[PDB]
Amino acid sequence: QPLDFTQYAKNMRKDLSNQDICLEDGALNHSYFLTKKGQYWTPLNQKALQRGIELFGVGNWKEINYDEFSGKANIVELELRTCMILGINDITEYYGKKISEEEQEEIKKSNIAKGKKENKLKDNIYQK
Amino acid sequence: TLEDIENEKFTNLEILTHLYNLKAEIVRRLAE
Amino acid sequence: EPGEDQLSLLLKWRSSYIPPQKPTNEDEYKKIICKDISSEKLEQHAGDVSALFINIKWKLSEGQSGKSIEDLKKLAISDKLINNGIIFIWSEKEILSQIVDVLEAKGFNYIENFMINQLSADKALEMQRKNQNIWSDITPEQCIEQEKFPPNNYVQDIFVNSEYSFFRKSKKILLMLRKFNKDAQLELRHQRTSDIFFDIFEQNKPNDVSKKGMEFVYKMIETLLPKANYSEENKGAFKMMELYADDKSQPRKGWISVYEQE
Amino acid sequence: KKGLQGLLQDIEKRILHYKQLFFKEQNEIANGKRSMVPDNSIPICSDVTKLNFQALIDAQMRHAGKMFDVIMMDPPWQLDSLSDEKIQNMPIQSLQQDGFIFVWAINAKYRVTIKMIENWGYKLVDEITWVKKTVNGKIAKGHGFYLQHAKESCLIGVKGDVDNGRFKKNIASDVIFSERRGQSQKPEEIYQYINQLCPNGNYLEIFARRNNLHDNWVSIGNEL
Ligand SMILES: C[S@@+](CC[C@H](N)C(=O)[O-])C[C@H]1O[C@@H](n2cnc3c(N)ncnc32)[C@H](O)[C@@H]1O
């Protein structure tokens, strides 16, 4: 009998493909192929960045790169991702602070709402 | 020089790294 | 517009390659009639050639006219015939490995490929009938002869696609193999022609190259090896040889011609 | 000096524009947006000299109950080129019991490719040639030692009983008259011809790029 190639492909991706290529159960990770090789920003990298803000200061991403990500992480991209995970285009008022996880989500929601009521919410960041 | 940045084949992240490196060198000359 | 379509525009070499006439003088050519080429000792009739074109026709279907890899095995090629030269042999689909095995057995080595992308003079006519329905009432033979071609802008529908047990046969491969020599040096002219050229054929006879295509091959050989060409010093020392030659287009200036049971 | 200060204002504007572009791209990525890669493609990113083919054989025998039917190959010929003998050291014999192989050979590595696929247990039956094309529809260009190189060939070896189903006879064509693109990219007409030869079926392809991914193919590569 003929077989369905969707389930076969999911099963093959489960045990053969890397964790960066396949998602959850068996689905394909499209963000991996929407980005050139070597710059994917894995969820492990995102959690490492969140732990870096949790532990050390914000805006001091030199020791963060040195002893938190791999010893080799893309500066400027770290600033971009920290901008994206606060809902604000700039980190000028957050330099030198050590924002916790709950405060991070609270300030992200506050920035999103503040850009919402003043009409600055352009791809969930606030321009100032 | 903006010509290296001006290339279309580059992505938005390497372009932005180039812009920041240009800022670093020209702010070094501004300090000079 | 005339003279801008793909068929009319990949086939101007035909206009630029008119064939010449036969050589009247005996001192220009050398014609040998033999009963069995594979059983022949060609050294008694030739020596130190640099271009050995073999116009061999294969059968590869048991019940068909042609030669075989056994016949190529029986053929004798020695150092006194070729010490520094290039052999040109018509290749096929199934027996390419056997050809290269038997020829690298005799000191030769594969160097280059030169093929003819086949086109159909009848499929273009039938495409003109399909796309038109008072000039396309002719024979494909007359279409080849008078160089009157139908306008096509997508040639990958008139390719000669002969029957096969696999991907349909659509090209004629000429294998070129060079017997290197450490002492002597072969003089060559590099990149004077392309390794691929289109040429019109017929559906019933796809392995019979036209006069202009055969002359294109001959001028490719002659331009590749200029010192083998006819000159005042090559009288009786012709450096180009033929095997399984035919009366159709062979006898040329400076070519040794060996026939098969005339 | 104020010319570089005007350049600084312009570079601030360029940074703001590219900041917005990056944020838009990463917001659309973290949303409903798929790449050009088909959802049924199976990519494996591993070095072939370090890849364990036993796991691949076990997975294919488990999740399909069969073996591969077509193995396409574009080897990194040494003339990131790997080697000439390391390609021969591949465990191709275990990866197929009945099917075809497609090895794209350059002019300098033609006879060694033929010897390689004859040593793997295959029999030469056909070759597929790619004639390059221009925008206007010419034969593009070439350079070589004897002739101008305007072609590229793929060598096909056969194995087992291909006449016992899963394959079609007298299809497609040997010549692909298609325009060149990229740097070493091959046309998709070879994939169309493969699908014509083997409708449905299981495929493996050992040296692949991110443009080599298709909705029925297992693709191996160093960056893919
Ligand atoms: C040999 S060419 C193949 C390109 C392909 N034909 C295309 O359509 O572009 C370059 C490819 O070889 C891959 N490659 C080179 N060495 C490799 C190796 N040892 N193992 C796996 N892939 C390798 C590269 O990563 C790249 O994908």
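When a ligand or atom number is given, it counts from 1 through the structure's own listing order. Order of the sequence lines sets the chain letters (A, B, ...), proteins ahead of strands, with each chain counted from 1. Excluded from the calculations below are hydrogen atoms, water molecules and symmetry mates; all remaining heavy atoms, backbone and side chain alike, are included.
Residues C:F197 and C:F114 meet the side-chain proximity criterion, which asks for heavy atoms closer than 4.5 Å.
Annotation: cation-pi pair C:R189/D:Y146 absent, no NZ/CZ under 6.0 Å from the ring centroid and within 45° of its normal.
Under the ring pair (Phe, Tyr, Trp, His ring centres under 6.0 Å) test applied with D:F100, the options D:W120, D:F167, D:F68, D:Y122 reduce to a single match, D:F167. When the options D:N40, D:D215, D:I42 are evaluated for a side chain to side chain contact (heavy atoms under 4.5 Å, CB included) with A:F5, the one that passes is D:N40.
Ligand 1 has an N or O atom lying under 3.5 Å from an N or O atom of D:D47, backbone or side chain.
With atom 14 (N) of ligand 1 as the reference point, the heavy atom nearest to it among D:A208, D:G182, D:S83, D:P76 is part of D:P76. Here atom 21 (C) of ligand 1 lies nearest to D:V48 when heavy atoms of D:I220, D:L82, D:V48, D:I44 are compared.
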Practice item. Starting from the C-alpha separation in whole Å, work towards a yes-or-no answer on side chain to side chain contact (heavy atoms under 4.5 Å, CB included) for A:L23 and A:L28. Key: CA-CA 5 Å; A:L23 281 180; A:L28 187 76; over 6 Å; no
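A donor-acceptor contact under 3.5 angstrom links the side chains of C:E163 and D:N170, judged on distance only. Defined by atom type and a distance below 3.5 Å, a donor-acceptor pair is missing between the side-chain atoms of D:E205 and D:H214.
Of the protein's heavy atoms, D:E223 OE1, 2.4 Å lies nearest to atom 25 (O) of ligand 1. The protein heavy atom nearest to atom 1 (C) of ligand 1 is D:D74 O, 3.3 Å. Protein heavy atom closest to atom 22 (N) of ligand 1, with residue, atom name and distance, is D:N222 N, 3.4 Å. For atom 11 (C) of ligand 1, the closest heavy atom belonging to the protein is D:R209 NE, 4.2 Å.
Near D:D80, with a cut-off below 4.0 Å to any heavy atom, the atoms of ligand 1 are 15 (C), 16 (N).
Assignment of D:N212 to the shell around ligand 1 is supported, since a heavy atom sits closer than 4.0 Å.
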